[PDB]
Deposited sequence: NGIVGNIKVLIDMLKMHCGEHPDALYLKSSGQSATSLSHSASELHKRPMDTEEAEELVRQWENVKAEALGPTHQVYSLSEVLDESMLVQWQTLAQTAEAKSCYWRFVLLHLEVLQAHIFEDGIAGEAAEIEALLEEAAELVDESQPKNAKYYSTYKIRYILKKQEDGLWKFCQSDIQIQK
């Protein structure tokens, strides 16, 4: 049960180094903030801490591990989010205490794994449909807790 596109990034690093509707603008800006934080954590500055600001539970653990692994191998990613479209966003009640959210989004992204010791870097370009589960935390803001890529082209 590996979240997002973490398996693609691992393989690249190894080979080459109740229900309410949520406002679509708010879901869009949550996804954009996660994309920026993920670019910073895996980028040349290795902002590993920042993931705890937007991620929780499995998302945080797995992305944290991947970021630390990339920093350990002295390789980094350059990420470009070319297209984002939120297709659905909903909030629902989560058991006793908290609220949960689901965001279904279409993403187009390009990535370069930067290995300074080789002239050519590995690159990927991908269009994919992904579903995010978020949780409203003790304070006010949401955090991404799980993600599954459902479609890849």
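- In sequence order, the gaps in C-alpha coverage of the deposited chain fall at 1, 19-44.
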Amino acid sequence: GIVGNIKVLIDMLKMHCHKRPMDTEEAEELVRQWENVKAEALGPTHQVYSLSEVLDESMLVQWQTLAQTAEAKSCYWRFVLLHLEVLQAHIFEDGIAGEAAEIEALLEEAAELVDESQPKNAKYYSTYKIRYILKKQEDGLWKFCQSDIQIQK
From here on, numbers count along this sequence of modelled residues.
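- When 86-94 is weighed against 32-40, 86-94 comes out higher, by mean CA B-factor as recorded in the entry.
- Comparing 120-128 with 47-55, the stretch with the higher mean C-alpha B-factor in the PDB entry is 47-55.
- Compared with the other modelled residues of the chain, the Cα B-factor recorded for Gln152 ranks in the lowest third.
- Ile103 sits in the middle third of its chain by CA B factor, as recorded in the PDB entry.
- Ranked by C-alpha B-factor against the other modelled residues of its chain, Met12 falls in the middle third.
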